[PDB]
């Protein structure tokens, strides 16, 4: 292939869908790496890690949500241009729980500088394994595709 896949486990909402690439959801709530009002797409480098970030970390099992596994296909030449942040080179405090000013400010500086369209960051859950941030305002974000590939049914709180 000439693309690399990243993963979301996402729902449709009233004004945006699970395969959104505009960053509408994170714009509303903020997150570890973005302020409320700044649109960013969050994805994980594995489906397993997406499950940890989406279901386990927010203890959201047992909700009758219509969840979709969403494949984010990133052009390899755009990924080749991504910035890579590591536990080794990130500012101290990036892994605070709850997320605080250090990771939010780092993500804000990256987004507003438009240094790169993509930022690879460690997961706070598994720091050795990466999440992907997409800045939809960046010119190089063109060509990224997102599609629902199946329902996500694995829910640790599922009752048979």
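Positions refer to the first chain, counted from 1.
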*Where do the C-alpha atoms have the higher mean temperature factor in this entry, in 97-105 or in 45-53?*
97-105
*Using the B-factors recorded in the PDB entry, average over the C-alpha atoms of 66-74 and of 88-96, then report which stretch comes out higher.*
88-96
*Assigned third (lowest, middle, highest) for the C-alpha B factor of residue 31*: lowest
*asked:* Please say which third, lowest, middle or highest, residue 18 falls into when its CA temperature factor is compared across its chain.
replied: middle
*Ranked by Cα temperature factor within the chain, is residue 141 in the lowest third, the middle third or the highest third?*
highest
_residue 148, C-alpha B-factor rank within chain (lowest, middle or highest third)_ = lowest
